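Asks: As input, take upload.cif (mmCIF, C-alpha atoms):
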data_start
loop_
_atom_site.label_atom_id
_atom_site.label_comp_id
_atom_site.auth_asym_id
_atom_site.auth_seq_id
_atom_site.Cartn_x
_atom_site.Cartn_y
_atom_site.Cartn_z
CA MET A 1 -63.32 50.59 -11.98
CA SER A 2 -59.69 49.83 -10.83
CA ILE A 3 -57.08 50.43 -8.00
CA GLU A 4 -53.42 51.60 -7.67
CA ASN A 5 -50.55 49.30 -6.47
CA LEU A 6 -46.69 49.58 -6.26
CA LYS A 7 -45.01 48.01 -9.35
CA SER A 8 -41.34 47.97 -8.09
CA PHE A 9 -38.75 49.97 -6.00
CA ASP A 10 -35.02 50.96 -6.02
CA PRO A 11 -32.35 49.24 -3.78
CA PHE A 12 -29.23 50.73 -2.03
CA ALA A 13 -26.83 50.90 -5.06
CA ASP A 14 -24.82 54.10 -5.92
CA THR A 15 -21.46 55.21 -7.52
CA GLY A 16 -18.08 55.49 -5.69
CA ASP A 17 -16.27 58.75 -4.69
CA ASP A 18 -13.08 57.48 -2.88
CA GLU A 19 -9.44 58.57 -3.62
CA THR A 20 -5.91 57.73 -2.27
CA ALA A 21 -4.58 59.71 0.74
CA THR A 22 -0.90 60.34 1.77
CA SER A 23 1.11 57.73 3.75
CA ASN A 24 1.80 57.94 7.56
CA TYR A 25 1.83 54.97 10.03
CA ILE A 26 -1.19 54.20 12.31
CA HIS A 27 -1.24 51.64 15.17
CA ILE A 28 -4.46 49.87 16.36
CA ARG A 29 -3.80 47.99 19.65
CA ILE A 30 -5.93 46.03 22.20
CA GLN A 31 -5.88 47.00 25.93
CA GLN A 32 -6.23 44.97 29.15
CA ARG A 33 -7.19 47.01 32.29
CA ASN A 34 -8.30 46.47 35.95
CA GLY A 35 -11.96 47.46 35.09
CA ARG A 36 -12.23 44.10 33.12
CA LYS A 37 -13.28 45.78 29.79
CA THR A 38 -11.40 45.08 26.51
CA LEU A 39 -10.67 48.33 24.59
CA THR A 40 -9.16 49.22 21.15
CA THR A 41 -6.59 52.09 21.27
CA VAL A 42 -5.97 54.05 18.04
CA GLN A 43 -2.59 55.82 17.76
CA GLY A 44 -0.55 57.75 15.09
CA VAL A 45 -3.55 58.99 12.95
CA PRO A 46 -2.74 62.22 10.93
CA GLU A 47 -3.69 65.45 12.77
CA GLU A 48 -5.61 66.73 9.67
CA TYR A 49 -8.34 64.17 10.63
CA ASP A 50 -10.48 65.40 13.59
CA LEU A 51 -10.48 62.84 16.45
CA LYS A 52 -14.08 63.95 17.33
CA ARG A 53 -15.11 63.08 13.69
CA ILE A 54 -13.48 59.60 14.11
CA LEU A 55 -15.69 59.18 17.25
CA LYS A 56 -18.78 60.38 15.29
CA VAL A 57 -18.25 57.86 12.40
CA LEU A 58 -17.45 54.89 14.71
CA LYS A 59 -20.56 55.64 16.88
CA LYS A 60 -22.86 56.22 13.80
CA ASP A 61 -21.90 53.54 11.21
CA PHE A 62 -20.18 50.82 13.35
CA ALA A 63 -22.52 51.39 16.40
CA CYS A 64 -19.49 51.39 18.82
CA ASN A 65 -18.66 53.76 21.75
CA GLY A 66 -15.41 55.66 22.52
CA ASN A 67 -13.46 58.69 23.81
CA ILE A 68 -10.17 60.66 23.37
CA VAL A 69 -7.76 59.78 26.27
CA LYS A 70 -4.10 60.58 27.15
CA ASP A 71 -2.22 57.41 28.29
CA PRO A 72 0.95 57.63 30.55
CA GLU A 73 2.94 55.47 28.03
CA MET A 74 0.93 55.48 24.73
CA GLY A 75 0.09 59.27 24.72
CA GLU A 76 -3.01 60.97 23.24
CA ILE A 77 -5.21 58.23 21.65
CA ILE A 78 -8.83 57.26 20.83
CA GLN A 79 -10.24 54.38 22.92
CA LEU A 80 -13.13 52.31 21.41
CA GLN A 81 -15.07 49.64 23.40
CA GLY A 82 -14.26 45.97 22.50
CA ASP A 83 -11.76 44.44 20.01
CA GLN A 84 -12.44 46.63 16.90
CA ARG A 85 -8.98 46.37 15.24
CA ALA A 86 -10.21 45.12 11.81
CA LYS A 87 -13.21 47.55 11.87
CA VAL A 88 -11.06 50.68 12.59
CA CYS A 89 -8.49 49.49 9.97
CA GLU A 90 -11.37 49.27 7.42
CA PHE A 91 -12.62 52.80 8.43
CA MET A 92 -9.16 54.39 7.78
CA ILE A 93 -8.91 52.60 4.37
CA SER A 94 -12.56 53.08 3.23
CA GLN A 95 -13.50 56.60 4.47
CA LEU A 96 -10.11 58.43 4.76
CA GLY A 97 -8.47 56.73 1.68
CA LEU A 98 -5.33 55.74 3.69
CA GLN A 99 -3.47 52.82 2.02
CA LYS A 100 -3.55 49.49 3.97
CA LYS A 101 0.31 49.22 4.23
CA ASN A 102 0.24 52.20 6.71
CA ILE A 103 -1.86 50.34 9.37
CA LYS A 104 -0.28 48.14 12.06
CA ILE A 105 -2.62 45.82 14.06
CA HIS A 106 -1.46 44.65 17.53
CA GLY A 107 -2.94 42.05 19.98
CA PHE A 108 -2.75 41.75 23.82
#
Would you encode the structure as structure tokens?

Replies:
Amino acid sequence: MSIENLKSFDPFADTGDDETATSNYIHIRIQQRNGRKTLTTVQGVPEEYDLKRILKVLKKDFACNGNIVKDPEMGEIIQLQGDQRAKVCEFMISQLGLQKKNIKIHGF
């Protein structure tokens, strides 16, 4: 007589598939507003990237929340909840392939 038992298992490792995308400046800024919330505004992103897909990635992988909004001064932009400037910079570099030199980060 005998019995079956698990010998080992595979981890999370896999090969890379990233590639360089074309230059164009992006601005990631922090907001201060009368509702007391801190928000991250994303501006200048290439129109070939769907803003609704940016929302979907930042809600799925980063666990944030956000919307597309038209500001009186800053124009049509994505708002994300909190100070996510480094996180959104990393998304544009990692998932879109945009080179780091294109991304401006601004405080408040």

Asks: Can you pull out the residues contacting stretch 92-98 of chain A? Cut-off 7 Å, using only C-alpha atoms, and skip same-chain residues under 3 positions away; I want them as a PyMOL selection string.

Replies: chain A and resi 18-23+88-89

Asks: Applied to this file, what does the PyMOL selection byres ((chain A and resi 62-77) around 8) return in terms of residues, put as a PDB file with C-alpha atoms, in the coordinates of the input?

Replies:
ATOM      1  CA  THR A  41      -6.590  52.090  21.270  1.00  0.00           C
ATOM      2  CA  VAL A  42      -5.970  54.050  18.040  1.00  0.00           C
ATOM      3  CA  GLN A  43      -2.590  55.820  17.760  1.00  0.00           C
ATOM      4  CA  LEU A  51     -10.480  62.840  16.450  1.00  0.00           C
ATOM      5  CA  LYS A  52     -14.080  63.950  17.330  1.00  0.00           C
ATOM      6  CA  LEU A  55     -15.690  59.180  17.250  1.00  0.00           C
ATOM      7  CA  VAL A  57     -18.250  57.860  12.400  1.00  0.00           C
ATOM      8  CA  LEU A  58     -17.450  54.890  14.710  1.00  0.00           C
ATOM      9  CA  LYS A  59     -20.560  55.640  16.880  1.00  0.00           C
ATOM     10  CA  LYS A  60     -22.860  56.220  13.800  1.00  0.00           C
ATOM     11  CA  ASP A  61     -21.900  53.540  11.210  1.00  0.00           C
ATOM     12  CA  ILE A  78      -8.830  57.260  20.830  1.00  0.00           C
ATOM     13  CA  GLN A  79     -10.240  54.380  22.920  1.00  0.00           C
ATOM     14  CA  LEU A  80     -13.130  52.310  21.410  1.00  0.00           C
ATOM     15  CA  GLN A  81     -15.070  49.640  23.400  1.00  0.00           C
ATOM     16  CA  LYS A  87     -13.210  47.550  11.870  1.00  0.00           C
TER      17      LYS A  87
END

Asks: Counting only C-alpha atoms, figure out which residue out of A:11, A:30, A:108, A:38 gets nearest to residue A:85.

Replies: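 Once distances to residue A:85 are computed over only C-alpha atoms, the minimum belongs to A:30.
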
Asks: Given all atoms listed in the file as the basis, pick out the residue of A:17, A:102, A:107, A:86 nearest to residue A:44.

Replies: A:102

Asks: Could you tell me, as a PDB file with C-alpha atoms, keeping the file's coordinate frame, exactly which residues end up selected when the PyMOL selection byres ((chain A and resi 46-48) around 9) is applied to this structure?

Replies:
ATOM      1  CA  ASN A  24       1.800  57.940   7.560  1.00  0.00           C
ATOM      2  CA  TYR A  25       1.830  54.970  10.030  1.00  0.00           C
ATOM      3  CA  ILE A  26      -1.190  54.200  12.310  1.00  0.00           C
ATOM      4  CA  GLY A  44      -0.550  57.750  15.090  1.00  0.00           C
ATOM      5  CA  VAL A  45      -3.550  58.990  12.950  1.00  0.00           C
ATOM      6  CA  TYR A  49      -8.340  64.170  10.630  1.00  0.00           C
ATOM      7  CA  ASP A  50     -10.480  65.400  13.590  1.00  0.00           C
ATOM      8  CA  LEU A  51     -10.480  62.840  16.450  1.00  0.00           C
TER       9      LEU A  51
END

Asks: Go ahead and compute the interatomic distance for atom CA of residue A:39 and atom CA of residue A:82, in Å to one decimal.

Replies: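 Between atom CA of residue A:39 and atom CA of residue A:82 the gap is 4.8 Å.
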
Asks: Take atom CA of residue A:54 and atom CA of residue A:91 and report the distance between them in Å, one decimal.

Replies: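 Taking atom CA of residue A:54 as the start and atom CA of residue A:91 as the end point, the length is 8.9 Å.
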
Asks: Between atom CA of residue A:28 and atom CA of residue A:104, what is the spacing in Å?

Replies: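 A separation of 6.2 Å between them.
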
Asks: Between A:15, A:27, A:1, A:6, which is the closest to residue A:105 once you count all atoms listed in the file?

Replies: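 Looking at the shortest contact to residue A:105, the residue is A:27.
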
Asks: Around all the atoms of stretch 54-69 of chain A listed in the file, with 6 Å of room on each side, what axis-aligned box do you get, giving centre and edge lengths in Å to one decimal, as lines of an AutoDock Vina configuration file?

Replies:
center_x = -15.3
center_y = 55.7
center_z = 18.7
size_x = 27.1
size_y = 21.8
size_z = 27.1
